[PDB]
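Heads up: the structure comes next, in structure tokens.
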Amino acid sequence: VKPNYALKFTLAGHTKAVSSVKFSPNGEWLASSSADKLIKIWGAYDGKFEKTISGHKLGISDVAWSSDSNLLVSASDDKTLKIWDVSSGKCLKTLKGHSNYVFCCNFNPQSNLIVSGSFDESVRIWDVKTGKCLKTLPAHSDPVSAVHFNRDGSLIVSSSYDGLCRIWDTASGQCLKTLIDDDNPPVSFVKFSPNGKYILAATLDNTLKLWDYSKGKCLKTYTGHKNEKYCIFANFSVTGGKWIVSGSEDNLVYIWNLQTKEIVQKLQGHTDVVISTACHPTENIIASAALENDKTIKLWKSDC
Amino acid sequence: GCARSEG
């Protein structure tokens with residue numbers, strides 16, 4: 001069985017490379033961040049532009065929704081994170097503490113905490129309510145490419161150009177595990193699976209891998225795409241077939257069967273690297289976003 | 001414009 005994603009909408013408006021796209025957990029919205037220093041909000045089903053959210057002084061590399069779809073957090077080259085109230089557009093808090101670009105960010109499932117990763121080689125954990133940094137983890141020896149909480153928020157996974165994925169105890173800040181395979185290419189992305197059992201990691205040797213976190217071993221590898229340079233997001237698609245989704249440096253979106261590792265579809269249309277993809281939480285919808293020569297977001301829909 | 005798009 002294979003999905004049938006087809007281009008439904010192309011979303012224009014960002015004036016520089018788009019850096020990330022994320023669907024709100026309630027399925028109503030798509031948020032995008034960009035090198036143009038802006039966040040844009042779009043209708044998830046119709047692609048219709050909603051609003052722009054501004055305030056960062058330099059480009060944004062990442063943006064993430066709170067569990068209730070009310071808040072966003074953005075990570076910027078201006079070395080801050082900002083917490084936004086989506087409905088009012090207000091910047092609630094500016095998170096200052098990183099000494100270099102903030103590259104990646106996420107709320108915990110409770111959305112009382114934010115985790116961030118930076119070019120300063122650290123992972124920081126912030127209180128959402130106060131904007132105060134609670135812990136600084138000396139996580140890596142190179143820029144941190146991705147940070148993500150597991151299902152109950154007790155663990156943080158981080159990845160880095162240093163070639164490592166590390167798993168941290170949220171409460172204690174202790175490094176519980178370091179994961180690396182037979183080679184040491186930069187790790188460009190990481191995230192826990194929906195059930196919290198696995199870790200999906202991208203490396204800059206054209207490879208995605210599914211890790212059993214508890215056993216500390218690679219279970220599945222997904223190849224066929226091009227990823228040697230950019231920190232491209234990857235997703236678990238769970239609304240229809242169980243797929244792995246990722247952008248690629250050949251300007252395509254790749255979709256693999258999670259279990260069999262076979263490529264099942266490739267989506268063509270972008271004119272630059274697909275840096276970011278997101279999977280709608282209830283509909284078979286994929287959002288894809290591309291870099292500077294393209295500047296657009298595309299919405300694809302399947303009868304899976 | 002941003003670290004991620006620079007790669």
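Quick note on naming: the chains in the structure tokens go A, B, ... in the order shown, residues restart at 1 in each chain, and ligands are numbered from 1 in order of appearance.
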- Compute the chain B side of the contact with chain A at 6 Å, counting only C-alpha atoms, and hand it back as a list in words.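 Contact residues on the first chain: residues 1, 2, 4 and 7 of chain B.
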- Item | Backbone-only DSSP, alpha helix (DSSP H) members of chain B, as a ChimeraX atom specification | /B:3-6
- Item | range 13-200 of chain A: residues DSSP assigns to strand (DSSP E or B), reported as a VMD selection string | chain A and resid 18 to 23 29 to 34 39 to 43 49 to 53 60 to 65 71 to 76 80 to 85 91 to 96 102 to 107 113 to 118 123 to 127 133 to 137 144 to 149 155 to 160 165 to 169 175 to 179 187 to 192 198 to 200
